[PDB]
């Protein structure tokens, strides 16, 4: 299983690796899949690259 | 935050309902973000549509 | 330019034909880009495959 | 609904913000969906990261 | 590395199995990365879910 | 046809130039589609943005 998470940029390296760890675990439990097969890729977006209603985020 | 999770087809609706929730909870936790802003998208793949080494899954 | 649009399933082919045309025009228009270079691909998601707060839509 | 737009880098911040506004509106009309539920995320690609026929763009 | 290939629907399982192997090897080849680390996922699109120039494919 | 390739950063431009050309050709053959219609986009991921076992890559 492969997860691509899209988030707003600005966060520390501290949280984003925890995210990888926390999300990978949730996939493994939910789908009874071995953790070693779970992939997480994070993509960050700049202020001018994210919209919520036609307006910037 | 937006999570697109790619999984092999074969799971029950029950399992996939758990996946969305557990992953959503993990994301809210990891990024101290309000849960109500978290979105999850599941995409299922048939075995003949997924490869691991050039070989099917 | 390539647009991947993620929507809940349930619309008619007509609405999706309108979506492709109207979104394509806006991209060509917004980026002063040739319309003929614009690609749009729609991905529909079943009700049990989309989350908003860890819960279904 | 969630729209992912993949574009070549080099354009100004002014053009990319208009895109979010205009693409969002197009989605809202085409699918008779409330505008505030529409999300847009822009991804730019360096010239050496985009192909049209096996050749760079 | 993860490859997501977006194609028009209508092709045989034979062609898509050929696609996965040939594309995986090309990636493993280009980047001197283990073939066994290569993942490929295919997503097919119906006539009414793909646009070029705002018109259906 | 569109290929989205997700790779870890650190490789040279010549390798990625090879990748786009080489991968584009593989898709064209496999699906007997004109090469000039094949498009490829590469997305690179930093050390802290990729997970494989819940641990960084």
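Brief remarks on what is shown
- Averaged over peptide A:8-16, the number of partner chain Cβ atoms lying within 10 Å of each residue's Cβ comes to 3.
- Taking E:25, E:14, E:44 as the candidate residues, the one with maximal mean-square fluctuation in a Gaussian network model of chain E, Cα springs under 10 Å, is E:14.
- DSSP finds beta bridges in chain C, and of those with both partners inside it, around 10 percent are antiparallel.
- Global form of the protein assembly as shown, assessed from the alpha-carbon gyration tensor, a/c cut-off 1.5: rounded
- Pseudo-label separations to other copies for residue D:25 - Cα-to-Cβ vector, 7 Å, nm: 1.1, 4.3, 4.6, 4.6, 5.1
- Whole-angstrom gap from segment E:6-46 to segment C:1-39, using each part's C-alpha centre: 26
- Two-site FRET efficiency, residue D:25 against residue A:29, from Cβ-Cβ distance with R₀ of 25 Å, rounded to 0.05: 0.05
- Choice from B:21, B:39, B:29 with maximal GNM fluctuation in chain B (Cα, 10 Å cutoff): B:29
- Closest approach of a chain E beta carbon to the axis mapping chain E onto chain B (residue, whole Å): E:43, 4.
- Entry note, chain D: relative contact order of 47 percent, from Cα contacts under 8 Å with a spacing of 6+ residues.
- Where only DSSP H runs of four or more residues are counted, the protein assembly as shown gives -10500 deg cm²/dmol as its mean residue ellipticity at 222 nm, each run worth -39500 (n - 2.57).
- For chain D, the square roots of the Cα gyration tensor eigenvalues, ordered a ≥ b ≥ c, give a/c of at least 1.5 with a/b greater than b/c, which places it in the prolate category.
- For residue A:10, inter-copy separations between label points set 7 Å beyond Cα along the Cβ vector come to 3.1, 3.1, 3.2, 4.2, 4.6 nm, shortest first.
- Average beta-carbon neighbours from other chains, 10 Å sphere, peptide D:29-36: 5
- Taking other C-beta atoms within 10 angstrom as a stand-in for reagent exposure, C:19, F:31 fall in the order F:31, C:19, fewest first.
- For residue B:48, the label point sits 7 Å beyond Cα toward Cβ; its separations from the matching points on the remaining copies run 2.3, 2.4, 4.0, 4.5, 4.7 nm, from shortest to longest.
In this analysis, Cβ positions are derived from the backbone assuming ideal geometry, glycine residues included, and neighbour counts consider all displayed protein chains. Read-outs throughout are calculated quantities, based only on the coordinates presented, and are distinct from any laboratory measurement.
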